[PDB]
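Working notes for the structure below.
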Amino acid sequence: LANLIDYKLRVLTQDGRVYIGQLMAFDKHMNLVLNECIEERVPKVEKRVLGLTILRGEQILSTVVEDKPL
Amino acid sequence: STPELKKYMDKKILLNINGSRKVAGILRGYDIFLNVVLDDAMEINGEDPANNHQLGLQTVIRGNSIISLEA
Amino acid sequence: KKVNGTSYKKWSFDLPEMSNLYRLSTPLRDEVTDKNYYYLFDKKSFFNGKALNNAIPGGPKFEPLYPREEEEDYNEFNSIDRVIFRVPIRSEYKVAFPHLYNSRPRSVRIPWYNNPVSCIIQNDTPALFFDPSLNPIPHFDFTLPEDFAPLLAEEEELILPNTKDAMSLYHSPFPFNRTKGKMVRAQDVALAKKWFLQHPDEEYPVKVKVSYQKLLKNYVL
Amino acid sequence: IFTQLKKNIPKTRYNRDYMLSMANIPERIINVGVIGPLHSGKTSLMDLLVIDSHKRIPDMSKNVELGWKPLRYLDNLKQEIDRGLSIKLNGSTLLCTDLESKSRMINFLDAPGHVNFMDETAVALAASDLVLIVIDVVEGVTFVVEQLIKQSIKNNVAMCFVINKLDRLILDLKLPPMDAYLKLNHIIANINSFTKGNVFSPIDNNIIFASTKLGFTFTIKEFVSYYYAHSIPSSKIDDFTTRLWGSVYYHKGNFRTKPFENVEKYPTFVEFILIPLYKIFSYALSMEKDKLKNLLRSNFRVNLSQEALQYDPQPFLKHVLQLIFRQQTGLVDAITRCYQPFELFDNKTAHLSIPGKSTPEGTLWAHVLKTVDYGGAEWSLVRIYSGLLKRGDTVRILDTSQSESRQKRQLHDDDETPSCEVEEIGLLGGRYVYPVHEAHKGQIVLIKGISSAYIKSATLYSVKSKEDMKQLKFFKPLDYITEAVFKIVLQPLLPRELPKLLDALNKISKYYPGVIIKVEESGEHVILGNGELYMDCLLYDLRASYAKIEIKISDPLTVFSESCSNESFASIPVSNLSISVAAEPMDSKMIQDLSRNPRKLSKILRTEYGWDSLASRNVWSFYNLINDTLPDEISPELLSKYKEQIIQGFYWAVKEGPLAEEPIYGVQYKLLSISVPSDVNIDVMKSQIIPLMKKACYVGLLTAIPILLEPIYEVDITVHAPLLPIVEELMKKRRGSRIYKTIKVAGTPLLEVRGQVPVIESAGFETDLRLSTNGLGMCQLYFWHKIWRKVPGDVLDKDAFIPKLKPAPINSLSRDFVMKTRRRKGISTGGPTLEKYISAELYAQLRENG
Amino acid sequence: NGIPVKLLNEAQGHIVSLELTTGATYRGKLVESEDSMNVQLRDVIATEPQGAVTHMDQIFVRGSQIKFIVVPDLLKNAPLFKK
Amino acid sequence: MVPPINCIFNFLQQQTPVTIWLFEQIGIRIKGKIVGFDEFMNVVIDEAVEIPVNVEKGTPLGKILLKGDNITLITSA
RNA sequence: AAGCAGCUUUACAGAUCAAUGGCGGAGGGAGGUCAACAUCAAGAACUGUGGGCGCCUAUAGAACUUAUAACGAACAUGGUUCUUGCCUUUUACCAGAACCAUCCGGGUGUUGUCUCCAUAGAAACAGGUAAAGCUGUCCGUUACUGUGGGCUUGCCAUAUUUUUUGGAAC
Ligand SMILES: Nc1nc2c(ncn2[C@@H]2O[C@H](COP(=O)(O)OP(=O)(O)OP(=O)(O)O)[C@@H](O)[C@H]2O)c(=O)[nH]1
């Protein structure tokens, strides 16, 4: 997962929402910190800009690689 | 890690708790499990009244049930 | 490998051999190592002794840089009636605090004041042993595994055979303070310089003390 | 716009841009204001934090990089470098981290260690809500550190102590490990002994074990968090840290207050920390670098470079310590755990000015502490208590010399307050100033344009409403830990350079706050510094740096304070309205208590120590000393109408004694009689009250058989055992120089002898002490006690033998002091007695008959 | 394990937006953050999932109920992430 | 100041009838005396009687070992 | 801190045996009381003169630092001007000041030589500066496996409220 650092991630939480952003760091609990992360629900429609955020490893369901690193 | 409620000590605090429950009471005790001892336990019933459940017999509420608390 | 090579430009030594050279060089090195012991014998202090025309009783006396001509003519200030004569304010104070005690100094270098007092204890006894010259000291997770012993366990003795020699050498002057250094010509080694920079001990023949003063004179010049 | 202006400032490991974003938050800014005695490693520890934060300092050479000559970063002054001390506060703004990687920014201020500079230490206490008192092991807890503990407790400021120079006890002393731990038990024992309401130790994150020359600071919690966090689980590690320090032992997983029959007694600080440390040192200077290298690759996870392996023993040891004890996040952790913003900050800002209710959030209210010259330009060190300060804003300024006047003006409640614009704002970085657009709450900043309004300390505020002007509280003038009695009269050698010199003196009053500059009407200038070295720094800074003039300098002098011995035998009416005032000395404890409402006042006075309900009830006022009123004719409210005026004329009477026109000290004035004529005109009434008050108090002392009072430097000396007698001989060389207690410092040859020497007798007494002791002794002169003793001899002695060019005999001393002070102030013009003070003639005949 | 918590620690004094499990969002300056993710805010404005908005002074919400917390972008470059 | 475990212990000494609200269930509220509890705060209740909120009737439940995780609100009645 | 797995390598058997990708290499390393040649405190905003792209590399021209203690933990000798006694002239001078200079020496950096220690090679080709794999091509292992080393890593211990042993389902 450390190999997965800085990659843009599309993550899906237990509430069904999708959060997109570069993973800045994680932990054992899988608490993620996302750069310039944006929220989206229905799909692009109903999208919002969170920015720098930290999502908890308990409510997270799964995450996938989105785009290239920088 | 012991949570610091010291700034809420002996103050009237309004808990919100799982199941759209709302409590109001003066803080007494707490612990690392965050379980709370309240005085003057006050339920907020669904609409108009606020039921006063406990006066001098205080109360204790398990921690994880707490959504949050306000001063 | 202890030296740069046949050109013999650089040298690097181990601890024990340098300690040997030190214990051999004790007669020629008087162990003046304390810097605070030099008070008013700093080169700064002698320069200020020259610019102020004030001779430390141990230091050399010089020609004054500025010929003494008095323009005071006793104004209201520093009159005999105004000032209070109590403390002798002898020359040593003038070289001690150049600006405060002295009026109109020129080209005066600020002295070093002092380092903290030197508590150094030289052994004459195991390493890290309590000196009888010291003042006595008045006094007034319970489980853990079987493992976890304090750091550097199995290292046996705390004091190695050389560590005393290490500590005694740690405070050595510029020559012996180091395990490596450049080569200096025998022309460039001053052995007798560290002898006249010291306070002359009492009960020397007056001629010897005068020799100290002359040597210091050439040195400061 | 200022991007092209900097280019000098060194790049910092953390970006400087984020630091100000951290500065926007009042919670994240802690002001350290590090304190400590002389040569305690303060500037060197601050240097460790600066080198720690920045990348590569341009002003450090290869030699100071090896660590031979200790780098002092925070002293950029020519004199501070050459003379080797610290003088003016120069701190740093350092974003720092705890054991938790949370990064709190800190404003450090290094107060000079030498005692004559304690003014800067007072500015540091008033500046900093935290205090790191850096204590030397070998010097133990000195009396100066005691004064810093009691002093910081007085103004309510948190303290986090740093025990420093362990490598001295380890190398110089070569203490056995158990005995050295006993030394630490002695240091901390005295520490908690002089701290009344707190318990400091390595646990609780208060004491910080450090050696600056070899560049490492660590706390037991930081250390365990480093090298014991691998073996110990996270569950028991906290309690394990809490139990490390004392009165416990260890074998295998077993803890007892007793050694439990084991062959070795190692009370768990020795064994777990202090022994690994000793083995680090002894192996570092001693052990072969190969197997040592193997230890560091094994135990501490340290990898040595070949260049590192090739270092000399001292630089190699410094480098090994910087690898074992990593970049310093522990000391900052102890800073955080030490300082709690609540229960303190409000108490602090209430102690500095007035107890009040919060502050209006809109208005900007900030204390102006010290005027510093930095790049050769006038700056102002300002701490913002509330509101935000923008570059280019117009702000009101008031020198704290006028404060209580304004506060009384509000208690009776355009503006007389001169306003100035902020030209620039900066964050002190030590050798560089980092400019910032706007300054925020709870931080220490510099401003260029403020320096012109105020003499030394000021209040700086901008209000958005007038109700705020009603609700503003202003800062009391800074209380300097030590009063400055050291007196030197100056004149320029070329009088035509006098005007420029005047400007210089003004700048001096701004740059050195504790200096008290007096301008005598005879043209001879007077300067009052704390002591010898402080006034010397004043002179070198005054001439070379600011105004370059040949300056004649009189022998060092003192301020004398007139007083009375017995009770005034006669009550003399005084007219140009006839007032007779009786005088009497204060009680012993009444003085000490004074230097440091009416019902509570009479209860504290009477209760605490002897008084009568009429006297203690009728006390009108206290100053600097206390005016009292005890006729039977007090019945009319007249004395209540003129009471304020009597307290005024009493102020002018006490500010100038009858003898030397010097401040009256320890004298209670009780009013026996006040006459009022038939006709009353308030202007001529009061304007004739003032002179009769001044003359009244003069007659008060002179009828009491007045005595002079000389100040007394309290003397702290560190000598060795064999050189103790010589010092005692020096004490017999001076009229003063009482020795009281000779304190044995544990585990060191140094005996610290306390003493008292009068400031007249002491001139370069430090220097003579050192030359007599051959550099093995050290002397310090500290007068914060405001203790005054009578110079032996009786003033008003017509026949006393005074040698013109030689010191005078003991019994004749006070006489020549009075004479020569009167002449230096031009009062003589040629025993004041009562004649010019109007004993009149016939009554003067009557007193001559008695 | 350091960065996620230690970040939320360094978020004190910064305006943050909590979204909770029930969906009610609490914005405001973060007064305190305990290592267990229990957080305490002052000057909090709350938005219910239905859109209802209120303003409140002192709030303290447990960790276990936090859906996530958004901290200002200033921390993007911080000494935390430097290895 | 009184810790919640010793407060629950105080209710244990007092023995007064205790009303308990469960977790994420608003329909039932159980009543009865506390005969003991553990460090996990799993409480064995005496004379347990249901109190449906959905006029309040109930079925006597006897003694019960009640798991602390469902335990939410402990009071007296 | 053992083992397992992952990562990096590695003596390697290897897939490919192509296009690749990585790391190194396209001119060695020590030494010499061996030479010659340049300089000799580090700064540097700011500008100028050039390159590389308002920024770095190279130079000098002022600001504003201390050289400092010490190109050298040493320290000589002259010259010029000023002053002091010899003095009264040339020397030679005693003692200082200021500014120059001579000598004794040293670090570097560039090359050239002159002796020990080495084994792949792709150390092959073409471009230029004041410099070099500096650039382009290029080749050595090789980019995906299993045995062998090291860690920068997780387990070797957590099912009891704040995370992973769910309060969901409908
Ligand atoms: N032997 C030894 N000397 C030390 C140690 N730490 C500091 N010193 C010396 O103590 C001196 C004083 O420290 P500084 O920081 O330079 O100055 P200071 O302590 O602030 O003293 P002031 O500047 O006058 O306030 C330093 O110059 C060091 O030479 C140490 O650990 N061991």
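Chains as they are written, first to last, in the deposited numbering: chain b, 12 to 54, 76 to 102; chain g, 3 to 73; chain A, 291 to 414, 419 to 434, 451 to 531; chain C, 105 to 517, 531 to 693, 706 to 725, 743 to 770, 774 to 979, 986 to 1005; chain d, 4 to 86; chain e, 10 to 63, 71 to 93.
Beta carbons: idealized from backbone N, C-alpha and C, even for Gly.
So for residue 569 (chain C), helix, strand or coil by DSSP? helix
Just to check, is the beta-carbon of residue 405 (chain A) closer than 7 Å to a non-hydrogen atom of ligand 1? yes
Are the beta-carbon atoms belonging to residue 848 (chain C) and residue 689 (chain C) less than 8 Å from one another? yes
Pick from C:408, C:795 and C:822: whose alpha carbon is nearest that of residue 836 (chain C)? C:795
Identity of the residue in C:681, C:998, C:896 and C:904 nearest residue 939 (chain C) by Cα: C:681
Short of 6 Å in beta carbon distance, which residues of its chain neighbour residue 510 (chain A), apart from the five on each side in sequence? Order them along the chain. 519 and 522
Use the C-beta contact count for residue 963 (chain C): other C-beta atoms within 10 angstroms, 16 or more gives buried, fewer gives exposed. buried
Is the CB of residue 205 (chain C) under 8 Å away from at least one CB in chain d? yes
Can you give me the start and stop residues for the alpha helix (DSSP H) that residue 222 (chain C) sits inside? 222-231
With distances taken between CB atoms, is the gap from residue 619 (chain C) to residue 668 (chain C) smaller than 8 Å? no
Against chain e, with Cβ distances strictly below 8 Å, would residue 4 (chain g) count as a contact? no
Going by other Cβ atoms of all chains shown within 10 Å of its Cβ, with 16 needed for buried, is residue 937 (chain C) buried or exposed? buried
Below 8 Å, can you find three or more Cβ-Cβ pairs linking the segment 75-83 of chain d to the segment 113-126 of chain C? yes
Find out if the Cβ-Cβ distance for the pair residue 344 (chain C), residue 328 (chain C) is shorter than 8 Å. yes
Are residue 553 (chain C) and residue 124 (chain C) closer than 8 Å when you measure CB to CB? yes
Output the residue ranges of the alpha helix (DSSP H) runs that lie fully inside the segment 856-931 of chain C and measure 4 residues or longer, sorted by chain position. 873-881 and 914-922
Would you say residue 305 (chain A) and residue 475 (chain A) are within 8 Å of each other, going by their C-beta atoms? yes
Given that a residue counts as buried once 16 or more other Cβ atoms are within 10 Å of its Cβ, and exposed if not, what is residue 333 (chain C)? exposed
Given residue 590 (chain C), which residues of its chain have a CB within under 7 Å of its CB, disregarding the five upstream and five downstream residues? 457, 458 and 460
Cβ of residue 187 (chain C) versus every heavy atom of ligand 1: is any distance shorter than 7 Å? no
CB contact check: residue 311 (chain A) to chain C, cutoff 8 Å: no
Assign residue 580 (chain C) to buried or exposed, taking buried as 16 or more other Cβ atoms, counted over all protein chains shown, within 10 Å of its Cβ. buried
Counting only the same chain and skipping the five closest in sequence on each side, list residues whose C-beta sits under 6 Å from that of residue 497 (chain C). 539
Does the Cβ of residue 27 (chain b) have 16 or more other Cβ atoms within 10 Å, making it buried, or fewer, making it exposed? exposed
Residues near residue 44 (chain e) in its chain [Cβ-Cβ closer than 6 Å; skip 5 each side]: 53 and 55
Using a Cβ cut-off of 7 Å, pull out every chain g residue sitting near residue 58 (chain e), in sequence order please. Simply none; closest approach about 17 Å.
Distance cut-off 7 Å: residue 595 (chain C) Cβ against heavy atoms of ligand 1: no
Flag this pair as yes or no: are the beta carbons of residue 380 (chain C) and residue 460 (chain A) separated by less than 8 Å? yes
Please report how far the alpha carbon of residue 563 (chain C) lies from the alpha carbon of residue 484 (chain C), in whole angstroms. 5 Å
For residue 86 (chain b), which residues of its own chain have a beta-carbon under 6 Å away from its beta-carbon, when the five flanking residues on both sides are left out? 44
Run through chain e and tell me which residues come within less than 7 Å of residue 70 (chain g), C-beta to C-beta. Result: empty, since nearest Cβ-Cβ is about 15 Å, beyond 7 Å.
Using a Cβ-Cβ cut-off of 8 Å, state whether residue 343 (chain C) counts as contacting chain A. yes
Taking only runs that begin and end inside the segment 561-637 of chain C, name each unbroken alpha helix (DSSP H) of 4 or more residues, in chain order. 583-588 and 615-628
As assigned by DSSP and simplified to three states, the class of residue 379 (chain C): helix
For my contact list, residue 658 (chain C) and residue 574 (chain C) are in at a C-beta cut-off of 8 Å; report their separation, rounded to the angstrom. The pair is not a contact, with the Cβ atoms about 20 Å apart (cut-off 8 Å).
Residues of chain d with CB under 9 Å from residue 13 (chain b), in chain order? Those do not exist, as residue 13 (chain b) stays about 11 Å from chain d at its closest Cβ, beyond 9 Å.
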